[PDB]
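Structural overview
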Amino acid sequence: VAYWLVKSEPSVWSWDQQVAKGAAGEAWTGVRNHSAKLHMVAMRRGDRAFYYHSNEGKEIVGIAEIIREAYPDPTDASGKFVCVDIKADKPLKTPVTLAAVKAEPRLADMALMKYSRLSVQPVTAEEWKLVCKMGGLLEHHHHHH
C-alpha cells in the first residue's frame, strides 16, 4: 500500500478504456525496463498510482489501484519478469497537466519533473495528497454544519 505514478499514452491505453475495465483489471505486462519493474515489485494489492497520460495530454487524469500481487509476466516462461493488475478507481476533477506540476515548486522536485523518461515513479503521501488536492479533488462534504 504505497503511492506510485504510471505513464500511459492515450493512443495505446485510454482512460475510459481502463474505466470500463474497473472491475476487470489489466496486467501491466511487457515491462522490460528493470527500473519500472523494480518499483512494481514493491507494489501490492491496494497500492495506488497516478494515471498519467504521456505523449498526448501529459496530464494525470485519474487514480489507479493494484488489484493483484506482482506475479511472473505471462510473456516470460522463466519468471524473469513480473506484472501487476491495475484498475481505475476514480478520476480527478481537474486533470493535472505537467505544466500544472511545474506551477507548484513543491512538485517541481517530484520524480515526474526529474525523470520524464522514468515510466513508473514513487510518490510519497504528501506528494500524492498535494497533486490530488491540486486537481480539484477537494472532497469536503464531510461537514456542512
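Residues numbered from 1 in each chain as written, not as in the entry; some residues may be left out. Heavy atoms only, no water.

Per the deposition metadata, solution NMR was the technique used to determine this entry.

**Some points on helix α5 (residues 125-134)**
Definition in use: Each residue is placed in one exposure class: buried if its accessible area under a 1.4 Å probe, protein chains only, is under 20% of its type's maximum, exposed if it is over 50%, and partly exposed if it falls in between. Segments assigned H or I by DSSP are reported as helices when at least four residues long, segments assigned E as strands when at least two residues long, and all are numbered from the N terminus.
Taken together, the buried positions of α5 are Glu127, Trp128, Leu130, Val131 and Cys132. Once α5 ends, the next one or two residues include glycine 136, with phi positive near 70°.

**Observations concerning the nonpolar core**
Definition in use: Throughout, nonpolar core names a set of buried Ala, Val, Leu, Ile, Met, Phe, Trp, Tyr and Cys residues whose side chains join them through atoms within 4.5 Å. For this analysis, residues touch if any pair of their heavy atoms sits within 4.5 Å.
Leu5, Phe50, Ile60, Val101, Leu112 and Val131 are the most contacted members of the largest nonpolar core, which has 17 residues in total. At the level of elements, β3 (48-53), β4 (59-72), β5 (82-97), α3 (98-103) and α5 are the ones that each hand at least two residues to this core. With four residues, the single largest contributor to this core is α5. Residues in contact with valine 101, not counting those within four places in the same chain, are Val96, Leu107, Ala108, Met110, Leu112, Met113 and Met134. Of all hydrophobic cores here, the second largest spans twelve residues; its members include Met43, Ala49, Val82 and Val84.

**Here's the deal with the sheet that holds β4**
Our working definition: The pairing criterion for strands is at least two bridges between them, as found by DSSP. Axis definition: a line fitted to C-alpha atoms, over the contacting stretch in the case of helices. Angles run 0 to 180 degrees between N-to-C directions.
The strand order across the open sheet built from six strands is β2-β5-β4-β3-β1-β6, with neighbouring strands paired in mixed fashion. Unpaired on one side and paired on the other, β2 (26-27) and β6 (121-123) mark the two borders of the sheet. Pairing of β2 with β5, which is carried by two bridges, proceeds in the antiparallel orientation. Looking across to β5, one finds that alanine 27 is bridged to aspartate 85. Here helix α2 (residues 34-42) sits on the sheet in contact with β1 (3-8), β4, β5 and β6, set at roughly 95° to β5. Strands in contact with α5 are β1, β3, β4, β5 and β6; relative to β3, the strand with the most contacts, it is inclined by about 50°.

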